[PDB]
Amino acid sequence: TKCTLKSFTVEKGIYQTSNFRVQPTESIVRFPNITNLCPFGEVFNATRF
Amino acid sequence: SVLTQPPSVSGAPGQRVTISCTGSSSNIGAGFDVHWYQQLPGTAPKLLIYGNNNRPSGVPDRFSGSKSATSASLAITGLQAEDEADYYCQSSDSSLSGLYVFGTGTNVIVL
Ligand SMILES: *[C@@H]1O[C@H](CO)[C@@H](O[C@@H]2O[C@H](CO)[C@@H](O)[C@H](O)[C@H]2NC(C)=O)[C@H](O)[C@H]1NC(C)=O
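The residue numbers shown here are sequential, starting from 1 for each chain in the order of its written sequence. They can differ from the numbering used in the entry, and residues that have no coordinates are not displayed. Labels follow written order: the first chain is A, the first ligand is 1, and so on. In this entry, the chains presented are a subset of a larger assembly, and the associated values cover only that subset. In computing side-chain properties, one takes all heavy atoms of the structure into account and sets aside hydrogens as well as water.

As deposited, the entry is annotated with cryo-EM as its determination method and 3.4 Å as its resolution.

You'll find chain B entered in the PDB entry as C952 Light Chain, with Homo sapiens given as the organism.

The name the PDB entry gives chain A is Spike glycoprotein, with Severe acute respiratory syndrome coronavirus 2 as the organism.

A. Here's a closer look at the overall build of chain B. A run of DSSP states H or I qualifies as a helix once it reaches four residues; a run of E qualifies as a strand once it reaches two. Both are numbered from the N-terminal end. Counting secondary structure elements, chain B contains zero helices and nine strands. Its helices and strands in sequence order give chain B the pattern β-β-β-β-β-β-β-β-β, from N to C terminus. Over its C-alpha trace chain B gives a radius of gyration of 14 Å, about what one expects of a compact globule, namely 13 Å for 111 residues. Principal axes of the C-alpha set define a box for chain B whose edges measure 40 × 30 × 30 Å. Exposure categories follow from relative accessible area, calculated using a 1.4 Å probe and restricted to protein chains: below 20% of the type maximum is buried, above 50% is exposed, and the middle band is partly exposed. Each of the 111 residues in chain B was classed as buried or not, and the buried ones make up 35%. A fraction of 58% describes how many contacts in chain B between residues 6 or more apart in sequence connect residues 24 or more apart. Carbon together with sulfur atoms contributes 58% to the accessible area of chain B, which is approximately 6,000 Å² in total. Under the counting rule used here, the positive set is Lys and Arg, the negative set is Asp and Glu, and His together with the chain ends is not counted. To locate a charge, take atom NZ for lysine, CZ for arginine, CG for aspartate or CD for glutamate. With 5 positive and 7 negative side-chain charges, chain B shows a spacing of 6 Å between the two charge centroids. The globule rule used here is 2.2 Å times the number of residues to the 0.38 power, and the radius of gyration it is set against is calculated over C-alpha atoms. Between two residues, a contact is recorded if the distance between any of their heavy atoms is within 4.5 Å. For every accessible area listed, the method is Shrake-Rupley and the probe measures 1.4 Å; residues are considered covered only by the protein chains on display.

B. Examining the packing of aromatic side chains more closely. When the centres of two rings from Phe, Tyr and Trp lie within 6.5 Å, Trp using its six-membered ring, the rings pair. Their planes under 30 degrees apart give stacked, over 60 give edge-to-face, and anything left gives tilted. The tally for this structure, following the rule as stated, stands at two aromatic pairs over all chains. Aromatic pair A:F40 and A:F44: ring centres 6.0 Å apart, planes at 70°, arrangement edge-to-face. Here A:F40 pairs with A:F44, and both are found in helix α2 (residues 40–44), just four residues apart, close to one helical turn. Exposure class is identical for A:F40 and A:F44. Each is exposed. Residues B:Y37 and B:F102 carry aromatic rings whose centres are separated by 5.8 Å and whose planes lie at 40° to one another, so their mutual orientation is tilted. In this pair, B:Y37 sits in strand β3 (residues 35–39) while B:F102 sits in strand β8 (residues 101–102), placing the two residues 65 residues apart along the sequence.

C. Looking closely at the pattern of salt bridges. All names here are of chain B. The rule for a salt bridge is simple: a side-chain nitrogen of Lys or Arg has to be within 4 Å of a carboxyl oxygen of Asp or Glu. With the rule as written, the count across this model stands at four salt bridges over all chains. Residues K67 and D33 are paired through a salt bridge, measuring 3.2 Å at the closest nitrogen-oxygen approach. Of the two residues, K67 is situated in strand β5 (residues 63–68) and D33 in the loop between β2 (17–22) and β3; the sequence distance between them amounts to 34 residues. Between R62 and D83 there is a salt bridge whose closest N-O contact spans 3.9 Å. A residue pair is termed long-range when its members are at least 10 positions apart, and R62 in the loop between β4 (47–49) and β5 and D83 in the loop between β6 (71–76) and β7 (86–91) qualify at 21 residues. Comparing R62 with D83, the two get one shared label, buried. A network of salt bridges, in which partner residues are shared, links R62, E82 and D83.

D. Inspection of the site of the ligand at higher detail. All names here are of chain A. The near set for a molecule or strand comprises every residue that places at least one heavy atom within 4 Å of it. Around the ligand lies a shell formed by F40, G41, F44 and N45. Identification of polar contacts relies on pairs of N or O atoms within 3.5 Å, with a donor-acceptor requirement for protein atoms, meaning one able to donate a hydrogen and the other able to accept it, and with residues adjacent in sequence counted only if both atoms are side-chain atoms. Between an oxygen atom of the ligand and a side-chain N or O atom of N45, the distance comes to 2.4 Å. Each residue belonging to the shell around the ligand can be placed in one class, and the counts come to two nonpolar, two polar and no charged. In the scheme used here, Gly and all other residues not listed as nonpolar or charged are polar, with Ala, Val, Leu, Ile, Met, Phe, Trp, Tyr, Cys and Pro taken as nonpolar and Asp, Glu, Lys and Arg as charged.

E. Structural detail: the interface of chain A and chain B. Opposite the four residues of chain A that make contact, chain B presents eight residues. Of the roughly 410 Å² buried at the junction of chain A and chain B (both faces included), carbon and sulfur atoms supply 55%. Counting across the interface, chain A meets chain B through zero salt bridges. In this structure, the connection of chain A to chain B is made through one residue pair in polar contact. Here the side of chain A that touches chain B is composed, by residue class, of one nonpolar, two polar and one charged. Computed with a 1.4 Å rolling probe, the buried area is the accessible surface lost when two parts are put together, summed over both parts.

This is the structure we're talking about:
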């Protein structure tokens, strides 16, 4: 409260100083279950374009 | 992805002999030329035909060849006694893996 009011003396009353927020606990990553490799070398090689 | 080639052929002096080199759609397909090479017994080898239609210098005119889609062939008109050597057909491939692929090899016998 002292920081919010920028003073060393706080008058009688009710003040708003900050916001409470719950922090996340863990990360969940989900992707499709595929294994085939993309044929980038099929096009990036090639004798003649 | 080696090219197929019959093991050997025989012939008689004075008449035409023919050899063939067969492959697949990946190697000879998509318009890829086939070249030919020699192998003299115990001697540095030499070229026969490049581009399948042209011909270099120093080679007798009795050699010819042409390709039919999937296969290719060459003909010798009037084989002689010095034709005892090994012949190779070489082509390319679609990918950079097969820039230079050779056949197994074929040999001729006179008489
Ligand atoms: C094109 O061909 C080259 C090889 O000439 C490929 O490079 C190789 O790629 C593989 C897979 O990533 C590596 O394991 C090799 O070490 C690479 N070799 C070289 C020469 O770097 C290249 O990946 C092909 N095309 C692409 C997809 O870039």
